[PDB]
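Colleague: Below you will find the structure I want to go over with you.
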Amino acid sequence: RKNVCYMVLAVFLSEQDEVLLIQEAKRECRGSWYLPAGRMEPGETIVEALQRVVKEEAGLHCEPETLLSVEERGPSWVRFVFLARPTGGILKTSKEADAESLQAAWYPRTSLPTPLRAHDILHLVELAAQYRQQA
Ligand SMILES: [Mg+2]
Ligand SMILES: [Mg+2]
Ligand SMILES: [Mg+2]
Ligand code: NA
Ligand code: NA
Ligand code: NA
Ligand code: NA
């Protein structure tokens, strides 16, 4: 009966203006960088999906701070973009590379790694930055 695909994405922006990025393992974009992101699974809530994607791709525990945006990528494709804060876990290094990601790392918002999986994350980091400024 499902007719829509919910996706989740996490923006972490530290006090030092660094963003948490993950390095993709998927063949089509292997070695490229992106935000922690993934499709919701049957049985979980959107916040549970956020936490799972962050754990799997970056190794960290987290909590959502706010919903920064909801995007209608298509009539049946919706992406929820959260500002998130780390609450524990261990940052995933390349020692732990697997199918979910090759590693995760923090980069200055203004000095991002390359190549990026997609550039749609630029705007998202700016959203976080503005939110943090407004708050
Ligand atoms: Mg992030
Ligand atoms: Mg860390
Ligand atoms: Mg305001
Ligand atoms: Na939860
Ligand atoms: Na925790
Ligand atoms: Na792009
Ligand atoms: Na993409």
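Following the order of the structure tokens, first chain is A, next is B, and so on, with residues numbered from 1 inside each chain and ligands from 1 in the order they appear.
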Enumerate as a list in words the residues within 8 Å of ligand 4, counting only C-alpha atoms and all ligand atoms.
Modeller: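 Residues lying within 8 Å of ligand 4: residues 45, 47, 48, 51 and 63 of chain A.
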Colleague: Pull C-alpha atoms from the residues just selected and write them as a PDB file, in the first residue's frame.
Modeller:
```
ATOM      1  CA  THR A  45      10.066   6.395  12.275  1.00  0.00           C
ATOM      2  CA  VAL A  47      13.925  10.101  13.399  1.00  0.00           C
ATOM      3  CA  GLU A  48      14.862   6.425  13.797  1.00  0.00           C
ATOM      4  CA  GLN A  51      19.773   7.891  13.660  1.00  0.00           C
ATOM      5  CA  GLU A  63      19.716  13.514  18.172  1.00  0.00           C
TER       6      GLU A  63
END
```
Colleague: Find the residues of chain A that sit at most 8 Å from ligand 1; for each, write down the nearest two atoms and how far apart they are in Å, to one decimal. Count only C-alpha atoms and all ligand atoms. Sort by chain, then by number going up, and give it as a tab-separated table.
Modeller:
```
residue	atom	partner	partner_atom_place_in_ligand_line	distance
A:9	CA	ligand 1	1 (Mg)	7.9
A:10	CA	ligand 1	1 (Mg)	5.0
A:11	CA	ligand 1	1 (Mg)	3.4
A:12	CA	ligand 1	1 (Mg)	3.8
A:13	CA	ligand 1	1 (Mg)	6.6
A:19	CA	ligand 1	1 (Mg)	5.2
A:20	CA	ligand 1	1 (Mg)	4.0
A:21	CA	ligand 1	1 (Mg)	5.4
A:35	CA	ligand 1	1 (Mg)	4.9
A:36	CA	ligand 1	1 (Mg)	6.0
A:83	CA	ligand 1	1 (Mg)	7.9
A:84	CA	ligand 1	1 (Mg)	7.6
A:125	CA	ligand 1	1 (Mg)	7.8
```
Colleague: Just want the residues within 10 Å of ligand 7, written as number ranges by chain, counting only C-alpha atoms and all ligand atoms.
Modeller: A: 29, 34, 37, 116-121
Colleague: Could you give me, as a list in words, the residues within 10 Å of residue 90 in chain A, counting only C-alpha atoms and dropping anything in the same chain fewer than 5 positions from it?
Modeller: residues 55, 58, 59, 60 and 61 of chain A
Colleague: Could you save those same residues with C-alpha atoms as a PDB file, in the first residue's frame?
Modeller:
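Output contents, as saved in part10.pdb:
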```pdb
ATOM      1  CA  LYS A  55      25.232   5.342  12.814  1.00  0.00           C
ATOM      2  CA  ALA A  58      29.382   7.842  10.304  1.00  0.00           C
ATOM      3  CA  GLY A  59      29.487   5.693  13.446  1.00  0.00           C
ATOM      4  CA  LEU A  60      28.000   8.398  15.680  1.00  0.00           C
ATOM      5  CA  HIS A  61      24.963   8.501  17.902  1.00  0.00           C
TER       6      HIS A  61
END
```
Colleague: Please return as number ranges by chain the residues found within 7 Å of ligand 5, counting only C-alpha atoms and all ligand atoms.
Modeller: A: 61-62, 87-89
Colleague: Between A:99, A:14, A:7, A:32, which residue has the minimum interatomic distance to ligand 6, considering only C-alpha atoms and all ligand atoms?
Modeller: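 Residue with the minimum atom-to-atom distance to ligand 6: A:32.
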Colleague: Do you know which residues are at most 10 Å from residue 78 in chain A counting only C-alpha atoms, after dropping those on the same chain fewer than 5 positions away, and could you put them as JSON, numbers by chain?
Modeller: {"A": [4, 5, 6, 7, 8, 39, 70, 71, 72, 73]}
